[PDB]
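Trainee: Experimental coordinates for this protein are included below, preceded by the sequence.
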Amino acid sequence: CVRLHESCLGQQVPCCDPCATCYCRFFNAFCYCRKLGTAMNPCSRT
């Protein structure tokens, strides 16, 4: 998988971090792992 917060180029490389998924900051360029900014119910982010 990908690192904690890096590019996954292709969107086929899911984040190696639990509850973490690659997201693109734009159309298709800034696609990197994301730990989900769920301040209400965050997963693995301590």
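Mentor: Right, received. Where do you want to start? Residues are numbered from 1 along each chain as shown.

Trainee: Quickly note the distance from residue 30 to residue 45.
Mentor: 20 Å (C-beta to C-beta, to the nearest Å). Using the backbone N, CA and C atoms, a C-beta is placed for each residue, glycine as well.

Trainee: These two - which one has more neighbours?
Mentor: Remark: of residue 30 and residue 45, residue 45 carries more neighbours, 14 against 10, as counted by other C-beta atoms under 10 Å.

Trainee: list the contacts for the more buried one?
Mentor: Counting by C-beta atoms under 8 Å, 6 or more residues apart in numbering, residue 45 makes contact with 35-36.

Trainee: Need the three-state assignment for it.
Mentor: coil (DSSP: H, G, I helix; E, B strand; the rest coil).

Trainee: try residue 4
Mentor: Going by three-state DSSP: residue 4 is coil.

Trainee: count of neighbours near the closest residue to it other than its chain neighbours?
Mentor: Distance criterion C-beta to C-beta, 6 or more residues apart in numbering; nearest residue to residue 4, sequence neighbours excluded, is residue 17 at 5.6 Å. The tally of other residues near residue 17 (other C-beta under 10 Å) stands at 18.

Trainee: Distance of residue 17 relative to residue 41?
Mentor: 16 Å.
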